[PDB]
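Novice: Sharing target.pdb, PDB, C-alpha atoms and all ligand atoms:
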```pdb
ATOM      1  CA  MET H   1       6.330   2.868 -16.835
ATOM      2  CA  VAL H   2       7.848   5.460 -19.135
ATOM      3  CA  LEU H   3       8.614   9.097 -18.405
ATOM      4  CA  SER H   4       8.280  11.733 -21.066
ATOM      5  CA  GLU H   5      11.298  13.857 -21.972
ATOM      6  CA  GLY H   6       9.554  16.803 -20.265
ATOM      7  CA  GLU H   7       9.370  14.825 -17.010
ATOM      8  CA  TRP H   8      13.054  13.835 -17.240
ATOM      9  CA  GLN H   9      13.830  17.475 -17.780
ATOM     10  CA  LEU H  10      12.114  18.505 -14.491
ATOM     11  CA  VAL H  11      13.963  15.686 -12.677
ATOM     12  CA  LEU H  12      17.398  16.568 -14.120
ATOM     13  CA  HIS H  13      16.810  20.278 -13.542
ATOM     14  CA  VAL H  14      16.362  19.898  -9.775
ATOM     15  CA  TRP H  15      19.084  17.269  -9.690
ATOM     16  CA  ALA H  16      21.603  19.779 -11.081
ATOM     17  CA  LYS H  17      20.882  21.907  -7.970
ATOM     18  CA  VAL H  18      21.427  18.878  -5.698
ATOM     19  CA  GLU H  19      24.800  18.346  -7.370
ATOM     20  CA  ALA H  20      25.956  21.782  -6.230
ATOM     21  CA  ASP H  21      26.341  20.167  -2.757
ATOM     22  CA  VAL H  22      26.189  16.388  -2.883
ATOM     23  CA  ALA H  23      27.600  15.797   0.639
ATOM     24  CA  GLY H  24      25.177  18.254   2.274
ATOM     25  CA  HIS H  25      22.125  16.791   0.545
ATOM     26  CA  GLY H  26      23.375  13.287   1.413
ATOM     27  CA  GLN H  27      23.469  14.201   5.088
ATOM     28  CA  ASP H  28      20.012  15.782   5.150
ATOM     29  CA  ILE H  29      18.461  12.810   3.390
ATOM     30  CA  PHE H  30      19.954  10.118   5.707
ATOM     31  CA  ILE H  31      19.112  12.091   8.844
ATOM     32  CA  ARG H  32      15.520  12.491   7.644
ATOM     33  CA  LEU H  33      15.358   8.763   6.843
ATOM     34  CA  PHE H  34      16.830   7.637  10.257
ATOM     35  CA  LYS H  35      14.687  10.028  12.233
ATOM     36  CA  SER H  36      11.527   9.159  10.339
ATOM     37  CA  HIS H  37      12.029   5.421  10.104
ATOM     38  CA  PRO H  38      14.527   4.468  12.826
ATOM     39  CA  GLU H  39      14.304   0.787  11.911
ATOM     40  CA  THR H  40      16.356   1.536   8.787
ATOM     41  CA  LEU H  41      19.395   2.574  10.864
ATOM     42  CA  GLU H  42      19.657  -1.026  12.020
ATOM     43  CA  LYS H  43      20.700  -2.157   8.548
ATOM     44  CA  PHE H  44      23.896  -0.224   8.783
ATOM     45  CA  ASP H  45      26.434  -1.998  10.985
ATOM     46  CA  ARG H  46      28.644   1.016  10.723
ATOM     47  CA  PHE H  47      26.042   3.530  11.979
ATOM     48  CA  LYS H  48      23.828   1.423  14.120
ATOM     49  CA  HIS H  49      25.236   3.010  17.320
ATOM     50  CA  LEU H  50      24.394   6.637  16.485
ATOM     51  CA  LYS H  51      21.951   7.953  19.079
ATOM     52  CA  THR H  52      21.120  11.531  18.103
ATOM     53  CA  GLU H  53      20.877  13.841  15.110
ATOM     54  CA  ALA H  54      23.930  15.661  16.466
ATOM     55  CA  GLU H  55      25.906  12.451  16.312
ATOM     56  CA  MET H  56      24.618  11.765  12.773
ATOM     57  CA  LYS H  57      25.682  15.243  11.627
ATOM     58  CA  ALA H  58      29.119  14.714  12.989
ATOM     59  CA  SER H  59      29.682  11.309  11.464
ATOM     60  CA  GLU H  60      32.159  11.448   8.593
ATOM     61  CA  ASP H  61      31.325   7.907   7.607
ATOM     62  CA  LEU H  62      27.620   8.761   7.304
ATOM     63  CA  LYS H  63      28.484  11.744   5.128
ATOM     64  CA  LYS H  64      30.677   9.597   2.808
ATOM     65  CA  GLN H  65      27.860   7.062   2.533
ATOM     66  CA  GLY H  66      25.366   9.782   1.573
ATOM     67  CA  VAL H  67      27.745  10.867  -1.207
ATOM     68  CA  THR H  68      28.094   7.251  -2.379
ATOM     69  CA  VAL H  69      24.315   6.850  -2.487
ATOM     70  CA  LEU H  70      23.543  10.109  -4.297
ATOM     71  CA  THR H  71      26.334   9.558  -6.825
ATOM     72  CA  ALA H  72      24.940   6.107  -7.702
ATOM     73  CA  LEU H  73      21.338   7.440  -7.884
ATOM     74  CA  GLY H  74      22.398  10.435  -9.985
ATOM     75  CA  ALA H  75      24.128   8.145 -12.495
ATOM     76  CA  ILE H  76      20.882   6.136 -12.766
ATOM     77  CA  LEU H  77      18.634   9.184 -13.229
ATOM     78  CA  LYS H  78      20.886  10.644 -15.919
ATOM     79  CA  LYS H  79      20.289   7.422 -17.970
ATOM     80  CA  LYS H  80      16.605   8.508 -18.330
ATOM     81  CA  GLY H  81      15.229   5.016 -18.026
ATOM     82  CA  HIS H  82      18.071   3.144 -19.799
ATOM     83  CA  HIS H  83      19.608   2.064 -16.523
ATOM     84  CA  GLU H  84      19.610  -1.726 -16.747
ATOM     85  CA  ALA H  85      23.413  -2.064 -16.455
ATOM     86  CA  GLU H  86      23.598   0.264 -13.465
ATOM     87  CA  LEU H  87      20.792  -1.511 -11.627
ATOM     88  CA  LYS H  88      22.345  -4.970 -11.721
ATOM     89  CA  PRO H  89      25.204  -4.643  -9.184
ATOM     90  CA  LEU H  90      22.919  -2.454  -7.029
ATOM     91  CA  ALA H  91      20.090  -4.966  -6.893
ATOM     92  CA  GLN H  92      22.500  -7.807  -6.202
ATOM     93  CA  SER H  93      24.231  -6.193  -3.189
ATOM     94  CA  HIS H  94      21.023  -4.771  -1.662
ATOM     95  CA  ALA H  95      19.108  -8.038  -2.096
ATOM     96  CA  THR H  96      21.766 -10.593  -1.184
ATOM     97  CA  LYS H  97      24.330  -8.831   0.999
ATOM     98  CA  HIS H  98      22.511  -5.983   2.754
ATOM     99  CA  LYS H  99      18.971  -7.427   2.610
ATOM    100  CA  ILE H 100      17.038  -4.238   1.991
ATOM    101  CA  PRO H 101      13.274  -4.664   1.578
ATOM    102  CA  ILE H 102      11.439  -2.633  -1.129
ATOM    103  CA  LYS H 103       9.589  -0.945   1.747
ATOM    104  CA  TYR H 104      12.875   0.704   2.809
ATOM    105  CA  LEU H 105      13.511   2.007  -0.731
ATOM    106  CA  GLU H 106      10.089   3.636  -0.467
ATOM    107  CA  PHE H 107      11.224   5.257   2.839
ATOM    108  CA  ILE H 108      14.366   6.755   1.357
ATOM    109  CA  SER H 109      12.377   7.927  -1.705
ATOM    110  CA  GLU H 110      10.149   9.799   0.743
ATOM    111  CA  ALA H 111      13.167  11.339   2.408
ATOM    112  CA  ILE H 112      14.562  12.476  -0.960
ATOM    113  CA  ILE H 113      11.312  14.169  -1.850
ATOM    114  CA  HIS H 114      11.088  15.821   1.611
ATOM    115  CA  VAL H 115      14.616  17.279   1.369
ATOM    116  CA  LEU H 116      14.243  18.621  -2.251
ATOM    117  CA  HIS H 117      10.962  20.181  -1.267
ATOM    118  CA  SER H 118      12.658  21.984   1.709
ATOM    119  CA  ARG H 119      15.834  23.045  -0.062
ATOM    120  CA  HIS H 120      14.558  23.756  -3.582
ATOM    121  CA  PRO H 121      10.973  25.120  -3.388
ATOM    122  CA  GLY H 122      11.272  27.162  -6.575
ATOM    123  CA  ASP H 123      12.487  24.223  -8.664
ATOM    124  CA  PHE H 124      10.275  21.711  -6.928
ATOM    125  CA  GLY H 125       6.672  22.653  -7.468
ATOM    126  CA  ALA H 126       3.882  20.132  -7.977
ATOM    127  CA  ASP H 127       4.825  19.134 -11.507
ATOM    128  CA  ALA H 128       8.551  18.721 -10.698
ATOM    129  CA  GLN H 129       7.662  16.630  -7.638
ATOM    130  CA  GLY H 130       5.280  14.478  -9.688
ATOM    131  CA  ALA H 131       8.105  13.886 -12.155
ATOM    132  CA  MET H 132      10.622  13.016  -9.411
ATOM    133  CA  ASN H 133       8.133  10.644  -7.774
ATOM    134  CA  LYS H 134       7.581   8.967 -11.185
ATOM    135  CA  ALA H 135      11.359   8.577 -11.685
ATOM    136  CA  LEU H 136      11.757   6.967  -8.229
ATOM    137  CA  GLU H 137       8.758   4.708  -8.675
ATOM    138  CA  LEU H 138      10.336   3.540 -11.962
ATOM    139  CA  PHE H 139      13.622   2.890 -10.120
ATOM    140  CA  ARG H 140      11.780   0.872  -7.407
ATOM    141  CA  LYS H 141       9.715  -1.139  -9.931
ATOM    142  CA  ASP H 142      12.831  -2.187 -11.861
ATOM    143  CA  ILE H 143      14.777  -2.950  -8.677
ATOM    144  CA  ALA H 144      11.798  -5.041  -7.400
ATOM    145  CA  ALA H 145      11.815  -6.976 -10.687
ATOM    146  CA  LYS H 146      15.514  -7.623 -10.294
ATOM    147  CA  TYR H 147      15.056  -8.739  -6.655
ATOM    148  CA  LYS H 148      12.591 -11.301  -7.927
ATOM    149  CA  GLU H 149      15.046 -12.638 -10.509
ATOM    150  CA  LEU H 150      17.768 -12.803  -7.836
ATOM    151  CA  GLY H 151      15.548 -14.844  -5.514
ATOM    152  CA  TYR H 152      14.782 -12.231  -2.904
ATOM    153  CA  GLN H 153      11.743 -10.116  -3.879
ATOM    154  CA  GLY H 154      11.953  -8.703  -0.386
TER     155      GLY H 154
HETATM  156  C1  LIG H 201      18.394   5.495  -3.664
HETATM  157  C2  LIG H 201      18.607   4.148  -3.085
HETATM  158  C3  LIG H 201      19.873   3.588  -2.747
HETATM  159  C4  LIG H 201      20.997   3.622  -3.501
HETATM  160  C5  LIG H 201      21.209   4.261  -4.922
HETATM  161  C6  LIG H 201      21.979   2.846  -2.670
HETATM  162  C7  LIG H 201      23.288   2.740  -3.048
HETATM  163  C8  LIG H 201      24.306   2.133  -2.356
HETATM  164  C9  LIG H 201      25.671   2.036  -2.907
HETATM  165  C10 LIG H 201      26.222   2.581  -4.242
HETATM  166  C11 LIG H 201      26.326   1.339  -1.921
HETATM  167  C12 LIG H 201      27.781   0.873  -1.966
HETATM  168  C13 LIG H 201      28.085  -0.392  -2.783
HETATM  169  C14 LIG H 201      27.125  -1.513  -2.497
HETATM  170  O1  LIG H 201      27.198  -2.105  -1.390
HETATM  171  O2  LIG H 201      26.234  -1.760  -3.348
HETATM  172  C15 LIG H 201      25.363   0.993  -0.833
HETATM  173  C16 LIG H 201      25.668   0.251   0.316
HETATM  174  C17 LIG H 201      24.749  -0.005   1.354
HETATM  175  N1  LIG H 201      23.454   0.278   1.293
HETATM  176 FE1  LIG H 201      22.448   1.369  -0.094
HETATM  177  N2  LIG H 201      21.446   2.379  -1.502
HETATM  178  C18 LIG H 201      20.168   2.780  -1.544
HETATM  179  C19 LIG H 201      19.254   2.531  -0.530
HETATM  180  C20 LIG H 201      19.587   1.823   0.650
HETATM  181  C21 LIG H 201      18.650   1.721   1.795
HETATM  182  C22 LIG H 201      17.227   2.233   1.738
HETATM  183  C23 LIG H 201      19.280   0.939   2.782
HETATM  184  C24 LIG H 201      18.874   0.525   4.141
HETATM  185  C25 LIG H 201      17.789   0.941   4.934
HETATM  186  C26 LIG H 201      20.575   0.611   2.143
HETATM  187  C27 LIG H 201      21.584  -0.072   2.846
HETATM  188  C28 LIG H 201      22.890  -0.234   2.470
HETATM  189  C29 LIG H 201      23.907  -0.942   3.280
HETATM  190  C30 LIG H 201      23.698  -1.710   4.569
HETATM  191  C31 LIG H 201      25.046  -0.721   2.598
HETATM  192  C32 LIG H 201      26.448  -0.981   3.036
HETATM  193  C33 LIG H 201      27.114   0.225   3.737
HETATM  194  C34 LIG H 201      28.481  -0.143   4.306
HETATM  195  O3  LIG H 201      29.456  -0.186   3.558
HETATM  196  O4  LIG H 201      28.580  -0.434   5.509
HETATM  197  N3  LIG H 201      20.780   1.191   0.850
HETATM  198  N4  LIG H 201      24.097   1.501  -1.064
END
```
Turn this file's structure into structure tokens for me.
Ligand code: HEM
Specialist:
Amino acid sequence: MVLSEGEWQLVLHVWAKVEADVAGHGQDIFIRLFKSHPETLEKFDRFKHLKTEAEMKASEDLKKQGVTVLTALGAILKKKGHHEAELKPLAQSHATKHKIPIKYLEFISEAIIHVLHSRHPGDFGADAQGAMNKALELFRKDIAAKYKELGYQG
């Protein structure tokens, strides 16, 4: 797939708002993911034991992880499709070390879209959401292709 420049613009416009508070958005997204799809929490040996949303909010390690994730994703989105170098180490660790199925990347995509919709309604109307969904589908398609090359296609 290929986004137009006008689609990238909508994506990078709402992303600039996210970057005003990366740690806060990171928290909201992971809590939404773990509440919505509790099976995903099992993949994290560091967080596995967290029982409630209160415990999740209070975890400093969870917050650092959310910042790690959104910083890597932001660097990919700012490439506007030219993200082959960035995807390689990402696909290799998630396929081979962490073992993260594509299905779970769809779950976190859903969480990202939920949280931008809550926090940024004015910059996240229907067209901006369509563009962000396109940018994440592109991300997933290219990651899935890399999984397949790496021997996982999970
Ligand atoms: C927007 C999608 C995602 C991005 C950009 C991303 C990014 C990262 C980055 C940069 C790291 C640290 C370095 C590395 O190990 O590669 C990491 C580690 C990790 N990721 Fe992700 N990730 C994503 C989605 C997921 C999802 C959906 C899961 C599981 C349900 C997952 C599970 C893990 C695990 C288990 C680790 C190791 C954490 C630790 O150090 O204990 N990732 N991820």
Novice: For this structure, which residues satisfy the selection - the PyMOL selection byres (((chain H and resi 116) around 10) and not hetatm) - when it is evaluated on the file as given? I want them as a PyMOL selection string.
Specialist: chain H and resi 14-15+17-18+25+28-29+111-115+117-121+123-124+129+132
Novice: In Å to one decimal, how far is atom CA of residue H:143 from atom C12 of ligand LIG 201 (chain H)?
Specialist: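 Calculated distance between atom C12 of ligand LIG 201 (chain H) and atom CA of residue H:143 is 15.1 Å.
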Novice: Expand the PyMOL selection byres (((chain H and resi 77) around 10) and not hetatm) into the explicit residue set it covers here, and present it as an mmCIF file with C-alpha atoms, in the coordinates of the input.
Specialist:
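That gives us out-v7.cif:
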```cif
data_model
loop_
_atom_site.group_PDB
_atom_site.id
_atom_site.type_symbol
_atom_site.label_atom_id
_atom_site.label_comp_id
_atom_site.auth_asym_id
_atom_site.auth_seq_id
_atom_site.Cartn_x
_atom_site.Cartn_y
_atom_site.Cartn_z
ATOM 1 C CA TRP H 8 13.054 13.835 -17.240
ATOM 2 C CA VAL H 11 13.963 15.686 -12.677
ATOM 3 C CA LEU H 12 17.398 16.568 -14.120
ATOM 4 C CA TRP H 15 19.084 17.269 -9.690
ATOM 5 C CA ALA H 72 24.940 6.107 -7.702
ATOM 6 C CA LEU H 73 21.338 7.440 -7.884
ATOM 7 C CA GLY H 74 22.398 10.435 -9.985
ATOM 8 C CA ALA H 75 24.128 8.145 -12.495
ATOM 9 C CA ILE H 76 20.882 6.136 -12.766
ATOM 10 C CA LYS H 78 20.886 10.644 -15.919
ATOM 11 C CA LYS H 79 20.289 7.422 -17.970
ATOM 12 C CA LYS H 80 16.605 8.508 -18.330
ATOM 13 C CA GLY H 81 15.229 5.016 -18.026
ATOM 14 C CA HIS H 82 18.071 3.144 -19.799
ATOM 15 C CA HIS H 83 19.608 2.064 -16.523
ATOM 16 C CA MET H 132 10.622 13.016 -9.411
ATOM 17 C CA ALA H 135 11.359 8.577 -11.685
ATOM 18 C CA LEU H 136 11.757 6.967 -8.229
ATOM 19 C CA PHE H 139 13.622 2.890 -10.120
#
```
Novice: Could you tell me which of H:10, H:131, H:138, H:33 comes closest to residue H:53 if we count all atoms listed in the file?
Specialist: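 Distance minimum relative to residue H:53 lands on H:33.
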Novice: Grab the atom CA of residue H:126 to atom CA of residue H:7 distance for me, in Å with one decimal place.
Specialist: 11.8 Å
Novice: Kindly provide, as a VMD selection string, all nucleotide and amino acid residues lying within 6 Å of ligand LIG 201 (chain H), counting all atoms listed in the file.
Specialist: chain H and resid 40 43 to 44 46 68 to 69 72 to 73 90 93 98 100 104 to 105 108
Novice: Residues of the last selection are to be written out with C-alpha atoms, as a tab-separated table (two decimals), keeping the file's coordinate frame.
Specialist:
```
chain	number	residue	atom	x	y	z
H	40	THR	CA	16.36	1.54	8.79
H	43	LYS	CA	20.70	-2.16	8.55
H	44	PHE	CA	23.90	-0.22	8.78
H	46	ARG	CA	28.64	1.02	10.72
H	68	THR	CA	28.09	7.25	-2.38
H	69	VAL	CA	24.32	6.85	-2.49
H	72	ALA	CA	24.94	6.11	-7.70
H	73	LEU	CA	21.34	7.44	-7.88
H	90	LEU	CA	22.92	-2.45	-7.03
H	93	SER	CA	24.23	-6.19	-3.19
H	98	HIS	CA	22.51	-5.98	2.75
H	100	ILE	CA	17.04	-4.24	1.99
H	104	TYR	CA	12.88	0.70	2.81
H	105	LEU	CA	13.51	2.01	-0.73
H	108	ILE	CA	14.37	6.76	1.36
```
Novice: Rounded to one decimal in Å, what is the spacing between atom CA of residue H:48 and atom CA of residue H:30?
Specialist: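 So the two atoms, atom CA of residue H:48 and atom CA of residue H:30, lie 12.7 Å apart.
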Novice: Nearest to residue H:54 among H:23, H:67, H:41, H:31, with distances taken over only C-alpha atoms: which residue is it?
Specialist: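 Closest to residue H:54 of all the choices is H:31.
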Novice: Choose the residue, out of H:1, H:13, H:27, H:97, that has the smallest atom-to-atom separation from residue H:140; count only C-alpha atoms.
Specialist: H:1
Novice: Which residues match the PyMOL selection byres (((chain H and resi 151) around 12) and not hetatm) in the file above, as an MDAnalysis selection string?
Specialist: chainID H and resid 91:92 95:96 99 144:150 152:154
Novice: Generate a file of the selected residues that holds C-alpha atoms, formatted as an mmCIF file, keeping the file's coordinate frame.
Specialist:
```
data_model
loop_
_atom_site.group_PDB
_atom_site.id
_atom_site.type_symbol
_atom_site.label_atom_id
_atom_site.label_comp_id
_atom_site.auth_asym_id
_atom_site.auth_seq_id
_atom_site.Cartn_x
_atom_site.Cartn_y
_atom_site.Cartn_z
ATOM 1 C CA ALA H 91 20.090 -4.966 -6.893
ATOM 2 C CA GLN H 92 22.500 -7.807 -6.202
ATOM 3 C CA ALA H 95 19.108 -8.038 -2.096
ATOM 4 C CA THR H 96 21.766 -10.593 -1.184
ATOM 5 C CA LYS H 99 18.971 -7.427 2.610
ATOM 6 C CA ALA H 144 11.798 -5.041 -7.400
ATOM 7 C CA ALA H 145 11.815 -6.976 -10.687
ATOM 8 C CA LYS H 146 15.514 -7.623 -10.294
ATOM 9 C CA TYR H 147 15.056 -8.739 -6.655
ATOM 10 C CA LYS H 148 12.591 -11.301 -7.927
ATOM 11 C CA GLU H 149 15.046 -12.638 -10.509
ATOM 12 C CA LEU H 150 17.768 -12.803 -7.836
ATOM 13 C CA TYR H 152 14.782 -12.231 -2.904
ATOM 14 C CA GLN H 153 11.743 -10.116 -3.879
ATOM 15 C CA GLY H 154 11.953 -8.703 -0.386
#
```
Novice: Between H:57, H:88, H:37, H:63, which is the closest to residue H:106 once you count all atoms listed in the file?
Specialist: H:37
Novice: Would you compute the box with edges along x, y and z of the file around stretch 102-114 of chain H, including every atom the file lists for it and 6 Å extra on each side, and give its centre and edge lengths in Å to one decimal, as AutoDock Vina command-line options?
Specialist:
```
--center_x 12.1 --center_y 6.6 --center_z 0.5 --size_x 17.0 --size_y 30.5 --size_z 16.7
```
Novice: Skip residue H:142 itself and residues of its chain fewer than 5 positions away, then list as a PyMOL selection string all residues within 9 Å of it, counting all atoms listed in the file.
Specialist: chain H and resi 84+87+137+147
Novice: So, with all atoms listed in the file as the atoms that count, which of H:32, H:24, H:39, H:9 lies closest to residue H:103?
Specialist: H:39
